[PDB]
file query-v1.cif (mmCIF, C-alpha atoms)
data_start
#
loop_
_atom_site.label_atom_id
_atom_site.label_comp_id
_atom_site.auth_asym_id
_atom_site.auth_seq_id
_atom_site.Cartn_x
_atom_site.Cartn_y
_atom_site.Cartn_z
CA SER A 2 29.00 -6.54 34.32
CA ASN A 3 28.34 -4.16 37.34
CA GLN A 4 25.27 -1.97 36.40
CA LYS A 5 21.51 -2.10 35.56
CA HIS A 6 18.66 -2.20 33.17
CA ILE A 7 18.03 -5.52 35.06
CA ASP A 8 14.39 -4.94 35.80
CA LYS A 9 13.46 -4.63 32.06
CA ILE A 10 15.94 -7.25 30.84
CA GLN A 11 14.56 -9.91 33.19
CA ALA A 12 11.15 -8.74 31.95
CA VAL A 13 12.25 -9.29 28.35
CA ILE A 14 13.64 -12.78 29.12
CA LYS A 15 10.38 -13.90 30.88
CA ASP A 16 8.59 -12.79 27.71
CA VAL A 17 10.72 -14.86 25.25
CA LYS A 18 9.89 -18.56 24.69
CA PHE A 19 13.35 -19.76 23.66
CA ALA A 20 16.86 -18.55 24.35
CA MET A 21 19.40 -19.36 21.66
CA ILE A 22 22.36 -20.78 23.55
CA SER A 23 25.55 -20.70 21.51
CA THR A 24 28.61 -22.89 22.41
CA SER A 25 31.98 -23.65 20.77
CA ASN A 26 33.00 -27.27 19.97
CA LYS A 27 36.41 -28.98 20.12
CA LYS A 28 37.24 -27.65 16.61
CA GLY A 29 36.32 -24.07 17.82
CA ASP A 30 33.15 -23.70 15.70
CA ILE A 31 30.05 -22.01 17.12
CA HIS A 32 26.58 -23.73 17.13
CA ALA A 33 23.31 -22.75 18.82
CA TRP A 34 20.17 -24.46 20.10
CA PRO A 35 16.86 -23.07 21.28
CA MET A 36 16.01 -23.66 24.95
CA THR A 37 13.40 -22.61 27.46
CA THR A 38 14.82 -20.67 30.42
CA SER A 39 13.93 -22.30 33.70
CA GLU A 40 15.01 -19.39 35.89
CA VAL A 41 16.57 -15.97 35.47
CA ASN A 42 17.96 -14.09 38.49
CA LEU A 43 20.44 -11.48 37.26
CA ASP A 44 21.15 -10.01 40.74
CA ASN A 45 22.32 -13.48 41.88
CA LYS A 46 24.03 -14.03 38.50
CA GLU A 47 22.23 -17.23 37.64
CA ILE A 48 20.38 -18.43 34.57
CA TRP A 49 19.14 -22.04 34.79
CA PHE A 50 18.15 -24.59 32.16
CA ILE A 51 17.12 -28.24 32.40
CA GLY A 52 19.06 -30.11 29.73
CA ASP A 53 19.78 -33.66 28.66
CA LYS A 54 23.18 -35.25 29.32
CA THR A 55 23.11 -36.77 25.83
CA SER A 56 22.64 -33.29 24.17
CA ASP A 57 25.26 -31.55 22.02
CA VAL A 58 25.05 -28.43 24.09
CA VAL A 59 26.01 -30.37 27.23
CA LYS A 60 28.77 -32.14 25.23
CA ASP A 61 30.26 -28.82 24.15
CA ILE A 62 29.90 -27.31 27.65
CA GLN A 63 31.87 -30.20 29.14
CA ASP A 64 34.97 -29.04 27.16
CA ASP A 65 34.28 -25.31 26.94
CA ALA A 66 32.07 -23.60 29.53
CA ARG A 67 32.13 -20.19 27.71
CA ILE A 68 28.67 -19.73 26.23
CA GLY A 69 26.36 -17.09 24.82
CA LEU A 70 22.64 -16.60 25.30
CA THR A 71 20.47 -14.38 23.10
CA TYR A 72 16.81 -13.43 23.47
CA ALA A 73 14.65 -11.65 20.87
CA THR A 74 11.11 -10.49 21.70
CA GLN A 75 8.41 -11.39 19.20
CA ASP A 76 7.63 -7.71 18.59
CA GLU A 77 11.22 -7.46 17.16
CA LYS A 78 11.67 -4.36 19.34
CA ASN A 79 13.96 -5.82 22.11
CA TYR A 80 17.17 -7.98 21.95
CA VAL A 81 19.52 -9.24 24.75
CA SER A 82 22.95 -10.86 24.42
CA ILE A 83 24.49 -12.47 27.48
CA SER A 84 28.05 -13.74 27.74
CA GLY A 85 28.41 -16.32 30.50
CA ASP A 86 30.03 -19.41 32.01
CA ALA A 87 27.94 -22.58 32.01
CA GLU A 88 28.18 -25.10 34.86
CA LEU A 89 26.87 -28.69 34.96
CA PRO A 90 25.78 -29.33 38.53
CA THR A 91 23.86 -32.13 40.22
CA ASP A 92 21.47 -30.46 42.68
CA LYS A 93 18.30 -32.33 43.68
CA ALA A 94 17.26 -29.41 45.85
CA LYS A 95 17.54 -27.08 42.86
CA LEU A 96 15.90 -29.54 40.37
CA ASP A 97 12.93 -29.76 42.69
CA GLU A 98 12.59 -25.99 42.62
CA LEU A 99 12.76 -25.82 38.79
CA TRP A 100 10.38 -28.75 38.13
CA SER A 101 7.12 -28.45 36.17
CA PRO A 102 4.58 -30.83 34.76
CA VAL A 103 6.20 -30.33 31.28
CA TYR A 104 9.36 -32.15 32.33
CA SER A 105 7.52 -34.89 34.20
CA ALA A 106 6.19 -35.75 30.70
CA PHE A 107 9.34 -35.90 28.55
CA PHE A 108 11.75 -37.72 30.97
CA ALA A 109 10.79 -41.39 31.39
CA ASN A 110 11.89 -41.71 35.06
CA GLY A 111 10.92 -38.20 36.28
CA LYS A 112 13.18 -36.31 38.71
CA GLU A 113 15.41 -39.43 39.07
CA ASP A 114 16.01 -39.75 35.32
CA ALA A 115 19.69 -40.32 34.48
CA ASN A 116 19.48 -38.05 31.46
CA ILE A 117 18.61 -34.90 33.41
CA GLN A 118 21.34 -32.27 33.40
CA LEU A 119 20.89 -28.92 35.10
CA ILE A 120 22.79 -26.12 33.37
CA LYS A 121 23.71 -23.08 35.46
CA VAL A 122 24.82 -20.05 33.49
CA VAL A 123 26.78 -17.47 35.49
CA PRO A 124 26.68 -14.28 33.36
CA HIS A 125 29.59 -11.91 33.42
CA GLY A 126 28.34 -9.51 30.73
CA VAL A 127 24.97 -8.46 29.31
CA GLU A 128 24.28 -6.21 26.33
CA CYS A 129 20.83 -5.31 25.19
CA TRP A 130 19.03 -3.17 22.56
CA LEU A 131 15.64 -2.11 23.88
CA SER A 132 12.91 0.07 22.41
CA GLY A 133 11.87 2.70 23.01
CA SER B 2 26.47 -29.26 5.25
CA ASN B 3 25.44 -31.17 2.00
CA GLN B 4 21.56 -31.42 2.03
CA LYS B 5 18.32 -29.33 1.95
CA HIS B 6 15.45 -27.63 3.58
CA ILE B 7 17.07 -24.59 1.83
CA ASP B 8 13.95 -23.27 0.20
CA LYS B 9 12.12 -22.81 3.57
CA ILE B 10 15.22 -21.75 5.53
CA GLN B 11 16.00 -18.93 3.10
CA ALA B 12 12.29 -18.10 3.40
CA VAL B 13 12.62 -17.95 7.19
CA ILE B 14 15.73 -15.73 7.01
CA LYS B 15 14.03 -13.21 4.60
CA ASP B 16 11.23 -13.04 7.17
CA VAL B 17 13.45 -12.19 10.20
CA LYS B 18 14.52 -8.56 10.79
CA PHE B 19 17.74 -9.23 12.70
CA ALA B 20 20.19 -12.11 12.79
CA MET B 21 22.05 -12.53 16.06
CA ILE B 22 25.67 -12.95 15.04
CA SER B 23 27.78 -14.50 17.78
CA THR B 24 31.63 -14.25 17.79
CA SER B 25 34.41 -15.21 20.24
CA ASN B 26 36.91 -12.58 21.50
CA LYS B 27 40.63 -12.86 22.29
CA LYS B 28 39.80 -14.19 25.80
CA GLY B 29 37.50 -16.87 24.17
CA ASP B 30 34.18 -15.42 25.43
CA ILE B 31 31.10 -15.38 23.20
CA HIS B 32 29.12 -12.14 22.47
CA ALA B 33 26.33 -11.42 19.99
CA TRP B 34 24.92 -8.44 18.10
CA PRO B 35 21.76 -8.02 16.07
CA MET B 36 22.24 -7.32 12.35
CA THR B 37 20.15 -7.06 9.22
CA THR B 38 21.04 -9.65 6.57
CA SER B 39 21.93 -8.02 3.29
CA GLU B 40 21.86 -11.21 1.23
CA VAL B 41 21.30 -14.91 1.78
CA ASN B 42 22.22 -17.44 -0.93
CA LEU B 43 22.64 -20.86 0.68
CA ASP B 44 23.31 -22.72 -2.62
CA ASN B 45 26.32 -20.41 -3.21
CA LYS B 46 27.20 -20.59 0.51
CA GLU B 47 27.14 -16.87 1.13
CA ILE B 48 25.49 -14.69 3.74
CA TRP B 49 26.36 -10.98 3.47
CA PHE B 50 26.21 -8.11 5.95
CA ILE B 51 27.28 -4.47 5.71
CA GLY B 52 29.20 -3.68 8.89
CA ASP B 53 31.35 -0.93 10.34
CA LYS B 54 35.13 -1.35 10.62
CA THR B 55 35.01 0.22 14.09
CA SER B 56 32.44 -2.41 15.35
CA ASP B 57 33.20 -5.09 17.95
CA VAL B 58 31.93 -7.80 15.68
CA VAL B 59 34.47 -6.83 13.00
CA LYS B 60 37.17 -6.60 15.71
CA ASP B 61 36.44 -10.13 16.90
CA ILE B 62 36.22 -11.48 13.32
CA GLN B 63 39.68 -10.11 12.55
CA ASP B 64 41.17 -12.55 15.13
CA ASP B 65 38.64 -15.38 14.93
CA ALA B 66 36.56 -15.89 11.78
CA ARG B 67 34.44 -18.73 13.32
CA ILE B 68 30.99 -17.25 13.89
CA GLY B 69 27.40 -18.23 14.52
CA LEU B 70 24.19 -16.79 13.13
CA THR B 71 20.73 -17.44 14.59
CA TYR B 72 17.32 -16.40 13.29
CA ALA B 73 14.00 -16.65 15.17
CA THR B 74 10.69 -15.89 13.43
CA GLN B 75 8.32 -13.58 15.26
CA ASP B 76 5.65 -16.30 15.42
CA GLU B 77 8.14 -18.24 17.65
CA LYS B 78 7.45 -21.28 15.44
CA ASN B 79 10.75 -21.38 13.41
CA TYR B 80 14.47 -21.16 14.48
CA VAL B 81 17.72 -21.46 12.42
CA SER B 82 21.30 -21.81 13.67
CA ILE B 83 24.13 -21.42 11.19
CA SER B 84 27.78 -22.16 11.88
CA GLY B 85 30.06 -20.33 9.47
CA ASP B 86 33.34 -18.61 8.60
CA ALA B 87 33.23 -14.82 8.31
CA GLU B 88 35.40 -12.98 5.78
CA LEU B 89 36.18 -9.24 5.61
CA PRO B 90 36.47 -8.37 1.93
CA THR B 91 36.72 -5.11 0.02
CA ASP B 92 34.48 -5.49 -3.05
CA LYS B 93 33.06 -2.33 -4.65
CA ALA B 94 31.23 -4.44 -7.20
CA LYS B 95 29.55 -6.38 -4.40
CA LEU B 96 28.86 -3.27 -2.21
CA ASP B 97 27.07 -1.71 -5.16
CA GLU B 98 24.86 -4.77 -5.43
CA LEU B 99 23.99 -4.74 -1.69
CA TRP B 100 23.36 -0.97 -1.43
CA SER B 101 20.04 0.56 -0.33
CA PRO B 102 18.82 3.99 0.59
CA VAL B 103 19.07 2.97 4.31
CA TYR B 104 22.86 2.84 4.17
CA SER B 105 23.19 6.01 2.11
CA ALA B 106 21.69 7.66 5.23
CA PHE B 107 23.84 6.33 8.08
CA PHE B 108 27.35 6.49 6.44
CA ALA B 109 28.53 10.11 6.05
CA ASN B 110 30.49 9.57 2.79
CA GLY B 111 28.19 6.97 1.13
CA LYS B 112 29.67 4.04 -0.80
CA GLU B 113 33.20 5.55 -0.41
CA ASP B 114 32.95 5.77 3.39
CA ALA B 115 36.08 4.43 5.13
CA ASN B 116 34.02 2.80 7.84
CA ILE B 117 32.16 0.41 5.53
CA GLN B 118 33.06 -3.24 6.03
CA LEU B 119 31.40 -6.00 4.05
CA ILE B 120 31.12 -9.25 5.99
CA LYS B 121 30.82 -12.47 3.98
CA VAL B 122 29.72 -15.50 5.95
CA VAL B 123 30.50 -18.84 4.32
CA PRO B 124 28.28 -21.39 6.14
CA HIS B 125 29.49 -24.90 6.62
CA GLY B 126 26.58 -26.14 8.77
CA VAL B 127 22.92 -25.23 9.26
CA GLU B 128 20.48 -26.60 11.83
CA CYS B 129 16.90 -25.53 12.05
CA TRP B 130 13.69 -26.27 14.01
CA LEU B 131 10.67 -25.54 11.85
CA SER B 132 6.95 -25.91 12.47
CA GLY B 133 4.89 -27.68 11.46
#

call {"tool": "encode", "arguments": {"input": "query-v1.cif", "output": "structure tokens"}}
result
Amino acid sequence: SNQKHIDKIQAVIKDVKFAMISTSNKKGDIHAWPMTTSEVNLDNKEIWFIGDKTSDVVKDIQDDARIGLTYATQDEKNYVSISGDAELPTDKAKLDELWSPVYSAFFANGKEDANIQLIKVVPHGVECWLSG
Amino acid sequence: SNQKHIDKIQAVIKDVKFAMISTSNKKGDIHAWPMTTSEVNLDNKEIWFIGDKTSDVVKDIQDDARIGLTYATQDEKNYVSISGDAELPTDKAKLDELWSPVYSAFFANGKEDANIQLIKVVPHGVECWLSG
């Protein structure tokens, strides 16, 4: 929570295509979904995703903001587990910053699309197993 | 919970070196650890690991048996998320079946070592994202 391998961890996260974000539902069960990380700044304690308001992950976060992210590199040599609190902000300014031509495709009404939901993860702990 | 891509999913799990097992701690936070799957039989609703009694994952499971497993293939083309209930049995018969020369190494007193803890995951839901 207050120390570093941050350099290499952020390196590992930029390398991995999909985070597995795990959440707990009203019955307390854990489920995960793969998602592409839009931004990772560990010094500012911020991991950002662009989600859908209709998604299960957003549904679960609305009742329980305590989430987990995990990242595995394709060489199977590096793993990261983050424990964090997920927020559901509306921030046009921020959405603009995170926007790509990928998203302009799969969101019928672009940056004004009602289904867009930014997810801000504020990590409070990070464990990792790096090689080597 | 009552249907199949079980064939290919078990195939995907045999292919992946480490599951990320996520658990929730007394404060409700989620944390994950990488672990090698000792056995996967989805028809019998059984995923087995050999853990350590001193481990955090076992600690968390003792108070909250509701866990998550995720598996990502190194080609980044296949992902599996399992929601499950973890049990902490003592079963010599079963330990014998799951035993390898790897474990004989890193457990000072072998199959009689006090630190051994079998973990049985009984899945109740599986989602996956396969290609393609």

call {"tool": "residues_around", "arguments": {"input": "query-v1.cif", "residues": "range 120-122 of chain B", "least_positions_apart": "4", "cutoff": "8 Å", "atoms": "only C-alpha atoms", "output": "count of residues only"}}
result
13

call {"tool": "residues_around", "arguments": {"input": "query-v1.cif", "residues": "residue 28 in chain A", "least_positions_apart": "3", "cutoff": "10 Å", "atoms": "only C-alpha atoms", "output": "ChimeraX atom specification"}}
result
/A:25,31 /B:67

call {"tool": "resolve_selection", "arguments": {"input": "query-v1.cif", "expression": "the PyMOL selection byres ((chain A and resi 95-108) around 12)", "output": "PDB file with C-alpha atoms, in the coordinates of the input"}}
result
ATOM      1  CA  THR A  37      13.400 -22.610  27.460  1.00  0.00           C
ATOM      2  CA  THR A  38      14.820 -20.670  30.420  1.00  0.00           C
ATOM      3  CA  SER A  39      13.930 -22.300  33.700  1.00  0.00           C
ATOM      4  CA  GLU A  40      15.010 -19.390  35.890  1.00  0.00           C
ATOM      5  CA  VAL A  41      16.570 -15.970  35.470  1.00  0.00           C
ATOM      6  CA  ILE A  48      20.380 -18.430  34.570  1.00  0.00           C
ATOM      7  CA  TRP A  49      19.140 -22.040  34.790  1.00  0.00           C
ATOM      8  CA  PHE A  50      18.150 -24.590  32.160  1.00  0.00           C
ATOM      9  CA  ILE A  51      17.120 -28.240  32.400  1.00  0.00           C
ATOM     10  CA  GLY A  52      19.060 -30.110  29.730  1.00  0.00           C
ATOM     11  CA  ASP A  53      19.780 -33.660  28.660  1.00  0.00           C
ATOM     12  CA  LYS A  54      23.180 -35.250  29.320  1.00  0.00           C
ATOM     13  CA  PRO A  90      25.780 -29.330  38.530  1.00  0.00           C
ATOM     14  CA  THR A  91      23.860 -32.130  40.220  1.00  0.00           C
ATOM     15  CA  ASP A  92      21.470 -30.460  42.680  1.00  0.00           C
ATOM     16  CA  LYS A  93      18.300 -32.330  43.680  1.00  0.00           C
ATOM     17  CA  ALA A  94      17.260 -29.410  45.850  1.00  0.00           C
ATOM     18  CA  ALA A 109      10.790 -41.390  31.390  1.00  0.00           C
ATOM     19  CA  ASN A 110      11.890 -41.710  35.060  1.00  0.00           C
ATOM     20  CA  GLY A 111      10.920 -38.200  36.280  1.00  0.00           C
ATOM     21  CA  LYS A 112      13.180 -36.310  38.710  1.00  0.00           C
ATOM     22  CA  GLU A 113      15.410 -39.430  39.070  1.00  0.00           C
ATOM     23  CA  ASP A 114      16.010 -39.750  35.320  1.00  0.00           C
ATOM     24  CA  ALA A 115      19.690 -40.320  34.480  1.00  0.00           C
ATOM     25  CA  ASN A 116      19.480 -38.050  31.460  1.00  0.00           C
ATOM     26  CA  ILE A 117      18.610 -34.900  33.410  1.00  0.00           C
ATOM     27  CA  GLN A 118      21.340 -32.270  33.400  1.00  0.00           C
ATOM     28  CA  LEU A 119      20.890 -28.920  35.100  1.00  0.00           C
ATOM     29  CA  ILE A 120      22.790 -26.120  33.370  1.00  0.00           C
ATOM     30  CA  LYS A 121      23.710 -23.080  35.460  1.00  0.00           C
TER      31      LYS A 121
END

call {"tool": "resolve_selection", "arguments": {"input": "query-v1.cif", "expression": "the PyMOL selection byres ((chain B) within 12 of (chain A))", "output": "number ranges by chain"}}
result
B: 16-26, 28-37, 65-87, 124-131

call {"tool": "atom_distance", "arguments": {"input": "query-v1.cif", "atom1": "CA of residue 27 in chain A", "atom2": "CA of residue 11 in chain B"}}
result
28.4 Å

call {"tool": "atom_distance", "arguments": {"input": "query-v1.cif", "atom1": "CA of residue 14 in chain A", "atom2": "CA of residue 10 in chain B"}}
result
25.3 Å

call {"tool": "closest_residue", "arguments": {"input": "query-v1.cif", "among": "B:55, B:42, B:63, B:132", "to": "residue 15 in chain B", "atoms": "all atoms listed in the file"}}
result
B:42

call {"tool": "atom_distance", "arguments": {"input": "query-v1.cif", "atom1": "CA of residue 6 in chain A", "atom2": "CA of residue 58 in chain B"}}
result
22.7 Å

call {"tool": "closest_residue", "arguments": {"input": "query-v1.cif", "among": "B:7, B:12, B:62, B:43", "to": "residue 123 in chain B", "atoms": "only C-alpha atoms"}}
result
B:43

call {"tool": "build_atoms", "arguments": {"input": "query-v1.cif", "residues": "range 60-85 of chain B", "atoms": "N, CA, C and O atoms", "output": "mmCIF file, in the coordinates of the input"}}
result
data_model
loop_
_atom_site.group_PDB
_atom_site.id
_atom_site.type_symbol
_atom_site.label_atom_id
_atom_site.label_comp_id
_atom_site.auth_asym_id
_atom_site.auth_seq_id
_atom_site.Cartn_x
_atom_site.Cartn_y
_atom_site.Cartn_z
ATOM 1 N N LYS B 60 35.989 -6.416 14.871
ATOM 2 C CA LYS B 60 37.170 -6.600 15.710
ATOM 3 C C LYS B 60 37.383 -8.059 16.041
ATOM 4 O O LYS B 60 38.468 -8.592 15.832
ATOM 5 N N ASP B 61 36.356 -8.707 16.579
ATOM 6 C CA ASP B 61 36.440 -10.130 16.900
ATOM 7 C C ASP B 61 36.715 -10.977 15.641
ATOM 8 O O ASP B 61 37.551 -11.881 15.674
ATOM 9 N N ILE B 62 36.032 -10.687 14.540
ATOM 10 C CA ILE B 62 36.220 -11.480 13.320
ATOM 11 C C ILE B 62 37.650 -11.396 12.810
ATOM 12 O O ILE B 62 38.190 -12.378 12.341
ATOM 13 N N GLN B 63 38.277 -10.231 12.921
ATOM 14 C CA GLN B 63 39.680 -10.110 12.550
ATOM 15 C C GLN B 63 40.623 -11.096 13.203
ATOM 16 O O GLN B 63 41.588 -11.492 12.568
ATOM 17 N N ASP B 64 40.354 -11.504 14.444
ATOM 18 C CA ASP B 64 41.170 -12.550 15.130
ATOM 19 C C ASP B 64 40.595 -13.961 15.119
ATOM 20 O O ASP B 64 41.323 -14.917 15.322
ATOM 21 N N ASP B 65 39.292 -14.090 14.905
ATOM 22 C CA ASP B 65 38.640 -15.380 14.930
ATOM 23 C C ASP B 65 37.432 -15.293 14.006
ATOM 24 O O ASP B 65 36.393 -14.731 14.361
ATOM 25 N N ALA B 66 37.579 -15.905 12.832
ATOM 26 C CA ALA B 66 36.560 -15.890 11.780
ATOM 27 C C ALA B 66 35.404 -16.890 11.992
ATOM 28 O O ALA B 66 34.474 -16.927 11.180
ATOM 29 N N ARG B 67 35.439 -17.668 13.076
ATOM 30 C CA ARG B 67 34.440 -18.730 13.320
ATOM 31 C C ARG B 67 33.256 -18.134 14.079
ATOM 32 O O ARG B 67 33.375 -17.806 15.266
ATOM 33 N N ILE B 68 32.139 -17.972 13.374
ATOM 34 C CA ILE B 68 30.990 -17.250 13.890
ATOM 35 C C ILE B 68 29.760 -18.118 13.882
ATOM 36 O O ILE B 68 29.790 -19.224 13.345
ATOM 37 N N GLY B 69 28.690 -17.592 14.481
ATOM 38 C CA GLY B 69 27.400 -18.230 14.520
ATOM 39 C C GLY B 69 26.374 -17.191 14.147
ATOM 40 O O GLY B 69 26.516 -16.024 14.531
ATOM 41 N N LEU B 70 25.377 -17.593 13.353
ATOM 42 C CA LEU B 70 24.190 -16.790 13.130
ATOM 43 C C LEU B 70 22.954 -17.529 13.627
ATOM 44 O O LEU B 70 22.840 -18.732 13.448
ATOM 45 N N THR B 71 22.016 -16.820 14.238
ATOM 46 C CA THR B 71 20.730 -17.440 14.590
ATOM 47 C C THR B 71 19.612 -16.484 14.183
ATOM 48 O O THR B 71 19.793 -15.272 14.171
ATOM 49 N N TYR B 72 18.479 -17.076 13.828
ATOM 50 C CA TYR B 72 17.320 -16.400 13.290
ATOM 51 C C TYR B 72 16.136 -17.024 13.988
ATOM 52 O O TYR B 72 16.060 -18.248 14.063
ATOM 53 N N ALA B 73 15.245 -16.193 14.530
ATOM 54 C CA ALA B 73 14.000 -16.650 15.170
ATOM 55 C C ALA B 73 12.855 -15.900 14.494
ATOM 56 O O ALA B 73 12.944 -14.702 14.359
ATOM 57 N N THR B 74 11.822 -16.588 14.017
ATOM 58 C CA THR B 74 10.690 -15.890 13.430
ATOM 59 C C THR B 74 9.811 -15.328 14.541
ATOM 60 O O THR B 74 9.739 -15.867 15.643
ATOM 61 N N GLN B 75 9.130 -14.237 14.243
ATOM 62 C CA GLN B 75 8.320 -13.580 15.260
ATOM 63 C C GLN B 75 7.129 -14.376 15.726
ATOM 64 O O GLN B 75 6.684 -14.173 16.836
ATOM 65 N N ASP B 76 6.661 -15.340 14.935
ATOM 66 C CA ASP B 76 5.650 -16.300 15.420
ATOM 67 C C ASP B 76 6.193 -17.357 16.402
ATOM 68 O O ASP B 76 5.457 -18.264 16.792
ATOM 69 N N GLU B 77 7.482 -17.295 16.732
ATOM 70 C CA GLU B 77 8.140 -18.240 17.650
ATOM 71 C C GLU B 77 7.989 -19.711 17.245
ATOM 72 O O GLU B 77 8.043 -20.599 18.080
ATOM 73 N N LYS B 78 7.801 -19.956 15.954
ATOM 74 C CA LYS B 78 7.450 -21.280 15.440
ATOM 75 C C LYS B 78 8.648 -21.855 14.644
ATOM 76 O O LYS B 78 8.737 -23.075 14.462
ATOM 77 N N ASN B 79 9.596 -20.990 14.234
ATOM 78 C CA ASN B 79 10.750 -21.380 13.410
ATOM 79 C C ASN B 79 12.050 -20.792 13.900
ATOM 80 O O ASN B 79 12.095 -19.612 14.122
ATOM 81 N N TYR B 80 13.113 -21.598 14.002
ATOM 82 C CA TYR B 80 14.470 -21.160 14.480
ATOM 83 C C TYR B 80 15.540 -21.753 13.572
ATOM 84 O O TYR B 80 15.370 -22.861 13.109
ATOM 85 N N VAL B 81 16.611 -21.005 13.281
ATOM 86 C CA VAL B 81 17.720 -21.460 12.420
ATOM 87 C C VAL B 81 19.023 -21.116 13.088
ATOM 88 O O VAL B 81 19.147 -20.047 13.604
ATOM 89 N N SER B 82 19.977 -22.034 13.101
ATOM 90 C CA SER B 82 21.300 -21.810 13.670
ATOM 91 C C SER B 82 22.274 -22.172 12.567
ATOM 92 O O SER B 82 22.231 -23.303 12.038
ATOM 93 N N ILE B 83 23.132 -21.228 12.220
ATOM 94 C CA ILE B 83 24.130 -21.420 11.190
ATOM 95 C C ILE B 83 25.502 -21.301 11.834
ATOM 96 O O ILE B 83 25.734 -20.399 12.614
ATOM 97 N N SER B 84 26.391 -22.229 11.505
ATOM 98 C CA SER B 84 27.780 -22.160 11.880
ATOM 99 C C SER B 84 28.558 -21.863 10.609
ATOM 100 O O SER B 84 28.334 -22.515 9.595
ATOM 101 N N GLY B 85 29.487 -20.918 10.672
ATOM 102 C CA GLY B 85 30.060 -20.330 9.470
ATOM 103 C C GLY B 85 31.402 -19.667 9.686
ATOM 104 O O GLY B 85 31.808 -19.443 10.829
#
